[PDB]
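Chains as they are written, first to last, in UniProt numbering: chain A, 26 to 533; chain B, 66 to 232.
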């Protein structure tokens with residue numbers, strides 16, 4: 026029928042509208058302060074839409090579609106996760122009255138497809154290209170990014186990311202293959218922000234042992250996800266709790282069990298080993314450590330799953346679960362060890378293993394303040410995603426809302442010239458396109474109507490004019506107030522927004 | 066060297082392991098909801114005098130008594146204690162009543178002190194909450210009696226002094 030589909034469509038429309046306007050007013054550098062309470066006695070102050078949308082949700086599928094759309098846009102480009110939902114909400118608000126006019130979903134879908142094919146072309150023709158081949162092209166593009174980035178009052182001074190990151194993951198130079206797992210990063214407290222440095226090998230940080238001397242080189246340690254604490258006896262006490270009986274018996278059993286194993290493992294070389302965590306293995310042995318002391322011990326314990334996959338990728342040593350499998354796939358080259366707490370804190374070691382020449386790097390961050398671990402961290406993550414997305418687009422566009430109203434004008438002209446049934450639909454699409462610059466003027470605080478009208482007039486004059494300057498609240502070209510972005514962060518956003526609105530409109 | 070080196074094994078193993086036989090007594094007070102009360106007449110152990118409570122929120126007196134217990138526990142270690150919330154037990158009784166500690170000597174309740182009046186009404190101090198116990202432990206600070214000497218009525222004692230001093 027029509028009653029049930031219209032009702033479910035209107036309910037989903039209201040849900041999407043509500044979840045949209047919930048975080049609508051936090052887009053741009055002037056997002057306002059908002060406080061939400063979990064209801065477990067805790068309040069938070071933040072101005073970012075992604076985490077706020079992620080923390081809470083209503084048990085309704087319409088919300089789940091927007092959540093997955095936001096997370097897909099986040100993993101895809103890494104920015105503009107709050108404008109995509111705004112465009113989706115505008116398209117929904119338009120198609121409400123569009124279906125009120127009485128249009129079949131097929132017509133609306135194909136008309137939106139044509140309008141998208143037109144607007145993508147308009148956008149690719151509007152943007153200007155840049156070069157990405159050599160070090161100079163990428164370096165000047167990075168300078169343009171960082172001056173168009175968030176205010177760099179600390180990065181321009183400290184720069185634990187301006188050179189360290191971009192240079193130290195330029196090695197696996199093959200295009201569009203740079204995993205995050207390729208750049209595992211360590212941190213540590215103590216020292217100074219002055220230096221964050223480079224080794225082509227993995228770097229581990231935890232206490233090793235206490236023995237005579239441990240700084241040598243040989244074939245790899247040999248990774249074990251082992252357990253070497255005897256199984257706890259099948260009782261809490263023994264048959265008889267006294268001095269005479271049990272000491273005569275179990276002494277030899279244990280001195281054999283905890284010696285024959287290390288005896289066997291001694292068959293392969295390097296006399297050194299690395300172990301996983303100890304959540305199940307209880308009462309770690311010590312006599313074993315004493316024995317390995319006679320047998321040239323140098324060992325690290327309590328290694329982690331994420332690291333247990335990353336190391337097995339770096340150094341090419343297949344794991345081993347238990348003693349009865351030690352044939353091969355348990356070794357690798359190695360060159361040195363024993364890095365110290367040099368001029369600071371956070372003990373770490375510098376195994377520089379060139380066994381697998383497969384590119385790999387790491388990043389280290391010390392500092393005279395734990396707040397260095399807090400302020401320098403994850404900025405490399407972000408700027409690194411920024412240098413990751415540019416490897417394939419090599420094009421960029423200016424901000425300020427100019428492309429929005431430009432596309433709106435071009436699509437209005439298109440609707441005018443494609444006279445027919447689809448003209449009203451593509452026209453409504455053009456109208457819904459231009460919503461952002463008004464919101465930006467509101468975030469800065471002005472009368473948006475006159476400003477957007479003047480800017481639409483100026484883009485009717487030259488089609489490439491000033492944008493929105495947040496510095497003085499005026500209308501100056503982006504070519505002097507450099508706030509630019511790649512083209513994919515917009516192209517992907519528009520195409521996925523059209524895709525999701527079409528898919529949700531087709532379903533009953 | 067190796068002998069002395071190795072043979073510290075038995076000096077170390079079975080030595081740290083010599084200390085693996087343990088046993089305990091009790092101290093302080095542990096927060097406990099209703100999930101253990103049911104079998105508690107059988108969970109009592111042997112001779113372990115236990116004490117109870119019952120909680121409400123908003124009563125000036127009910128907060129007080131909850132401090133005196135945890136203090137006393139530091140004095141007497143063998144006994145143990147419990148702090149409980151009345152929502153867990155019978156639903157509409159606890160609202161009109163006041164805290165009633167049902168002492169359990171691994172058996173039937175022995176002293177059930179309901180309602181405010183019987184306590185005294187915030188004239189309580191350690192003394193008025195210890196001699197009223199008189200049943201766990203056998204010390205009681207060797208006080209013969211201490212009722213505050215409930216302040217008297219002036220008429221009755223008049224005829225008494227006449228017939229006893231001039232008899």
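For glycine and all other residues, C-beta sits at the position ideal for the given N, C-alpha and C.
Fill in: Pairwise C-alpha distance: residue 345 (chain A) and residue 351 (chain A)
When rounded, the separation of the alpha-carbon atoms in residue 351 (chain A) and residue 345 (chain A) is 7 Å.
Discussion item. I'd like to confirm the pairing. Which residues does DSSP put opposite residue 148 (chain B) in its beta bridges?
Written reply: Residue pairing by DSSP places residue 148 (chain B) opposite B:96 in a beta bridge.
Worksheet entry | Nearest-angstrom Cα separation, counted from residue 205 (chain B) out to residue 196 (chain B) | So the alpha carbons of these two residues sit roughly 6 Å apart.
Worksheet item: Do you know offhand how far residue 300 (chain A)'s Cα is from residue 225 (chain A)'s?
Response: Computed Cα separation, rounded: 23 Å.
Practice prompt. Kindly indicate which three-state DSSP category residue 70 (chain A) falls into: helix, strand or coil?
Written response: In the structure shown, residue 70 (chain A) sits in a strand (DSSP, three-state: E or B).
Item to complete: Report the three-state DSSP secondary structure of residue 417 (chain A) (helix, strand or coil).
Response: DSSP places residue 417 (chain A) in the helix class (H, G or I) of the three-state scheme.
Fill in: Beta-carbon separation (whole angstroms), residue 362 (chain A) vs residue 240 (chain A), contact threshold 8 Å
Contact between residue 362 (chain A) and residue 240 (chain A) is confirmed by a C-beta separation of about 6 Å, below the 8 Å threshold.
Worksheet item: DSSP state of residue 380 (chain A), grouped into three classes?
Response: Of the three classes helix, strand and coil, the one that applies to residue 380 (chain A) here is coil, per DSSP.
Worksheet entry | Touching by the beta-carbon criterion (3+ pairs, under 8 Å), the stretch 120–137 of chain A and the stretch 522–532 of chain A | Counting Cβ pairs under 8 Å, three or more are found: they touch.
Worksheet item: With 16 as the cutoff for other CB atoms within 10 Å, does residue 450 (chain A) come out buried or exposed?
Response: Under this definition residue 450 (chain A) is a buried residue.
Worksheet item: Of the residues that make up the stretch 75–94 of chain B, which ones have a beta carbon closer than 8 Å to any beta carbon in chain A?
Response: Going along the stretch 75–94 of chain B in chain order, one finds 75, 77, 78, 79, 86 with a Cβ nearer than 8 Å to chain A.
Fill in: First and last residue of the uninterrupted beta strand (DSSP E) at residue 60 (chain A)
Here the beta strand (DSSP E) through residue 60 (chain A) covers 59–62.
Practice prompt. Counting only the same chain and skipping the five closest in sequence on each side, list residues whose C-beta sits under 6 Å from that of residue 174 (chain B).
Written response: When the five nearest sequence neighbours on each side are left out, the beta carbons in the same chain lying within less than 6 Å of the beta carbon of residue 174 (chain B) are those of 167, in order along the chain.
Discussion item. Distance cutoff 7 Å, beta carbons only. Does residue 229 (chain A) sit that close to anything in chain B?
Written reply: No, because no Cβ of chain B sits closer than 7 Å to the Cβ of residue 229 (chain A).
Worksheet item: residue 23 (chain A) touches chain B at which residues, Cβ-Cβ below 8 Å?
Response: Missing from the structure shown is residue 23 (chain A); chain A here goes from 26 to 533 and no further.
Item to complete: Could you pull the start and end residues of the alpha helix (DSSP H) that residue 462 (chain A) belongs to?
Response: Taken as a continuous stretch (DSSP letters only), the alpha helix (DSSP H) holding residue 462 (chain A) covers 461–469.
Practice prompt. Identify, in the order they occur along the chain, each residue of the same chain with its Cβ nearer than 6 Å to the Cβ of residue 494 (chain A), setting aside the five sequence neighbours on each side.
Written response: By the criterion of a C-beta distance shorter than 6 Å, residue 494 (chain A) is surrounded in its chain by 501, 506, once the five residues flanking it on both sides are discounted.
Worksheet entry | Length of the line joining the Cα atoms of residue 480 (chain A) and residue 435 (chain A) | Residue 480 (chain A) and residue 435 (chain A) have their alpha carbons spaced roughly 14 Å apart.
Practice prompt. Quick one: give me the first and last residue of the alpha helix (DSSP H) that residue 534 (chain A) is part of.
Written response: Chain A is shown from 26 up to 533; residue 534 (chain A) falls before or after that span and cannot be answered.
Discussion item. I'd like the list of long-range same chain contacts for residue 221 (chain A), defined as Cβ closer than 8 Å, with 5 residues on each side in sequence excluded.
Written reply: 185, 189, 388, 389, 390, 391, 401, listed in sequence order.
Worksheet entry | Within 7 Å of chain B by C-beta, residues of the stretch 122–142 of chain A in sequence order | Residues of the stretch 122–142 of chain A whose Cβ lies closer than 7 Å to any Cβ of chain B: none.
Worksheet item: Would residue 458 (chain A) be called buried (16 or more neighbouring beta carbons within 10 Å of its own) or exposed?
Response: Classification for residue 458 (chain A): buried.
Worksheet item: Cα-Cα, which of A:406, A:315, A:322, A:304 is closest to residue 330 (chain A)?
Response: Comparing alpha carbon positions, the residue from A:406, A:315, A:322, A:304 closest to residue 330 (chain A) is A:304.
Item to complete: Take every Cβ of the stretch 229–246 of chain A, pair it with every Cβ of the stretch 371–388 of chain A, and state whether three or more of those distances are shorter than 8 Å.
Response: The way I'd put it, the stretch 229–246 of chain A does touch the stretch 371–388 of chain A; three or more beta-carbon pairs between them come closer than 8 Å.
Worksheet item: In chain order, which beta strand (DSSP E) runs of at least 3 residues are fully inside the stretch 256–308 of chain A?
Response: Along the length of the stretch 256–308 of chain A, whole beta strand (DSSP E) runs at least 3 residues long occupy 299–301, reported in chain order.
Practice prompt. Excluding the 5 residues preceding and the 5 following residue 498 (chain A) in the sequence, name in chain order all residues of the same chain whose CB lies nearer than 7 Å to its CB.
Written response: So the list reads 469, 471, once near-sequence residues are dropped.
Worksheet item: Counting only beta-carbon atoms, is residue 117 (chain A) nearer than 7 Å to chain D?
Response: Although the question refers to chain D, the structure presented lacks it and instead comprises the protein chains A and B.
Worksheet entry | Given 8 Å, three or more beta-carbon pairs between the stretch 270–282 of chain A and the stretch 334–348 of chain A | No: fewer than three Cβ pairs fall under 8 Å.
Worksheet item: Quick one: what's got a C-beta closer than 8 Å to residue 177 (chain A)'s C-beta in the same chain, skipping five residues either side?
Response: Scanning its chain for C-beta atoms nearer than 8 Å, with the 5 sequence neighbours on each side dropped, one finds around residue 177 (chain A) the residues 171, in chain order.
Practice prompt. Spell out whether any CB of chain B is found under 7 Å from the CB atom of residue 312 (chain A).
Written response: Closer than 7 Å to the CB of residue 312 (chain A) there is at least one CB belonging to chain B.
Fill in: Test item: CB-CB of residue 426 (chain A) and residue 462 (chain A) under 7 Å
Yes, the pair counts as a contact, with Cβ atoms nearer than the cut-off.
Worksheet item: With 16 other CB atoms within 10 Å as the buried threshold, where does residue 515 (chain A) fall?
Response: Residue 515 (chain A) is classed as buried because its beta carbon has at least 16 other beta carbons within 10 Å across all chains shown.
Fill in: Residues that DSSP places opposite residue 474 (chain A) in a beta bridge
In DSSP, residue 474 (chain A) forms no bridge with anything.
Item to complete: With residue 509 (chain A) as the anchor, note down where its beta strand (DSSP E) starts and where it stops.
Response: Segment 509–511, the beta strand (DSSP E) holding residue 509 (chain A).
Discussion item. For residue 440 (chain A), which residues in the same chain have their Cβ closer than 7 Å to its Cβ, ignoring the five residues on either side in sequence?
Written reply: In its chain, beyond the 5 residues on either side, 448, 451, 452, 455 have a beta carbon closer than 7 Å to the beta carbon of residue 440 (chain A).
Worksheet item: Along the chain, where does the alpha helix (DSSP H) that runs through residue 336 (chain A) open and close?
Response: 330–339 is the extent of the alpha helix (DSSP H) around residue 336 (chain A).
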